[PDB]
Structure formats: structure tokens, C-alpha cells
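Below is one structure, written out as C-alpha cells; comments come after it.
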Ligand SMILES: [Zn+2]
């Protein structure tokens with residue numbers, strides 16, 4: 001596979017995302033602005 005699976009929980013918080021790509025864009029919140 002590659003992605004598209006549930007154990008993609010955020011490294012900083014604990015938000016789980018379907019794809020790594022979602023987690024990547026999410027990451028910015030933990031310094032830029034929380035959203
Ligand atoms: Zn997070």
C-alpha cells in the first residue's frame with residue numbers, strides 16, 4: 001500500500017487522518033495557527 005489507513009494519528013496531537021497527506025497539511029497548525 002502507501003496510505004489511506006486509520007493509524008495515521010498526529011505526531012504532535014492525536015488527530016487521526018485517513019491519508020498521510022492530510023496529516024502533513026495539518027501539521028502546520030502546531031506552530032503557525034491552530035485550526
Ligand atoms: Zn496535530
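Numbering (the deposited numbering), first residue to last: 1 to 35. Every residue, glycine too, gets a C-beta built ideally from N, C-alpha and C.
*Report the rounded CA-to-CA distance for residue 4 versus residue 32, giving the unit in angstroms.*
Position 4 of the chain shown, counted from the start, is the residue given in the question as residue 4. Position 32 of the chain shown, counted from the start, is the residue given in the question as residue 32. Their Cα atoms are separated by approximately 26 Å.
*asked:* Cutting at 8 Å between CB atoms, please list the residues of its own chain near residue 22, excluding the five before and the five after it.
replied: Here residue 22 refers to the residue found at position 22 when the chain shown is read from its first residue. Cβ within range, chain order: 8.
*What are the boundary residues of the alpha helix (DSSP H) that residue 28 is part of?*
Within the chain shown, residue 28 is the residue found at index 28, counting from 1. Element bounds for residue 28: n/a, residue is neither H nor E.
*asked:* Only counting the same chain, and skipping five residues up and downstream in sequence, which positions put a Cβ closer than 7 Å to that of residue 10?
replied: Counted from its first residue, the chain shown places residue 10 at position 10. Here the set comprises 23, 26.
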